[PDB]
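Encoded as structure tokens, the following chain is the form deposited in one PDB entry, with no partner shown.
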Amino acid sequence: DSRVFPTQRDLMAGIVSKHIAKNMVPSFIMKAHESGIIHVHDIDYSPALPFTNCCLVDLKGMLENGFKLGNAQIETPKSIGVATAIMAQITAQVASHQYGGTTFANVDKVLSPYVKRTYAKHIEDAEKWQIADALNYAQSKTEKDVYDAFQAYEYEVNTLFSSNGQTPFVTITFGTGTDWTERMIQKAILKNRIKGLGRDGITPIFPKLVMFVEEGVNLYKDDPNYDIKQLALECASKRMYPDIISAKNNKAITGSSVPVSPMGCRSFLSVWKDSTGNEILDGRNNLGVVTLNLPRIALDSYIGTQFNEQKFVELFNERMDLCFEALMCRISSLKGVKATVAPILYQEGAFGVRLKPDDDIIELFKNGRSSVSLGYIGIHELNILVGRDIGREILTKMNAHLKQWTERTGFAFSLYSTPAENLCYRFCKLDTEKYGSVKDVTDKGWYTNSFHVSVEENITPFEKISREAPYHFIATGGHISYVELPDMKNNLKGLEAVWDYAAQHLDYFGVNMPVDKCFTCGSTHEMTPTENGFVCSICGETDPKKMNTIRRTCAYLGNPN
């Protein structure tokens, strides 16, 4: 919250950490950050301490083998419910040793073997107690245990604070599983999500859910998991998640044999092979984000009221170099740092390899294993400032610099569509301090996310997907597209048509709908917006404590007041 104790403690460390960063980070990089030329993310954590950002947790390797967690040498779980109980504790622990999001990829496949152990236990109990209908007891009890295991997970993640006093920022993916255990997990996740959280069944912010969609798996009428696709459509319409990823487009962009889950919100690894040619996903991470204020490049290239193309080329080149220096500055902090810093990450399997206590952690990140993020924002406002559409062109050129950086250093730089929940305002506020109200750019008080078409443009779902799709193939380090839609709870067919179009043309996709609930009557209709707050169409209730109203106005779900 803010005045809550663990948050206050965290703010104290955050302040000490900003001060230490002022002594570690070269002046020109700091100055560029204060002025809003760039944005060095997570300065209240790094480089004062050698934290990394987000990751794909290697849960499979952890669970299969042993691993130490806290003071406890955990063994392979022998039931599904214990497996997600351990998954929940790893969630809290990983969140406390990085400043970014934690992702568990393909939990349907990974947790499958523990649903199998639960099933065998009940089969053993059907013989032990002379149960007449044996195959129906084992299945029915297993269905219940799995439902309960993922209710446990969803609640644990919403009832525990990490180091920083907040609920852990975690995402869960699924959808490539077709075996009966893998189907059951997916239905359990989606059904718990539909039921909602707590007494009143509210819409949770976390975990993020993302489902993979593929032809031959869950995309068309005839596919095996097509019933699960319909469950997911109902869930999306009541609770926003799950977002979907097109397995086909995802693998083309990443170069991966299997769909690549996003770390945190939408950071994507590209394909990487270990020393024996195996494709590795789980365990890999991102080292940080620096974000380039693209509108500011253009604003600073104005001479009078007129754009100067030559000036723009000079500052662009100069600012790209600058961003490399900022990104490299923090990676340099990681030199000499030992694996004692975060045993759960480095010693015990979360990052997929066991380092010894006295090993340097940075060697793990080298030669393309970890990604590193050059963010950007405000293509819409860039296009207005330069007078034409240069989005695909400037982003393609940014990739060309990134390739050079990758080859000079060994670190795998990628272009990242910064989620920028509040950075949209920060950059605009600082650009306003210099240039004032500029028509169509700073006047509204925010910059538009990445390559997204303006939220104030009159466009259909289908035409927005088309305009945005090309960018998923360019900003390979991170991207998503949203479409705004009304209540779709009694129009699952229209929603599905937008999913299918999205899955055909782009990588990662979500749909922003209104998800409201009046507690006193029970209406799940969209509330109408007053100047005071929200109001119930059918009853007329206006108390915030007697309703749940969730939008995704930017990146995360939240209540808009």
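Shifts are known only where both forms have a C-alpha. Residues carry their position along the shown sequence, with the first being 1. Superpose the two forms; the largest set of C-alphas matching within 1.5 Å is the rigid core.
The next section is about a form of this same protein that is not shown, the form deposited in another entry.
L160 is the only residue from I205, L160, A252, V386 whose Cα shifts by 2 Å or more between the shown form and the other one, the rigid core being superposed. Whereas the shown form places them at one spacing, the Cα atoms of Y155 and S163 lie at least 3 Å closer in that other deposited form. Between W446 and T167, the C-alpha separation shrinks by 3 Å or more in that other deposited form, relative to the conformation displayed. Fitting the two forms on their rigid core shows CA movement of 2 Å or more between the shown form and the other one over just one run of at least three residues, at 160 to 167.
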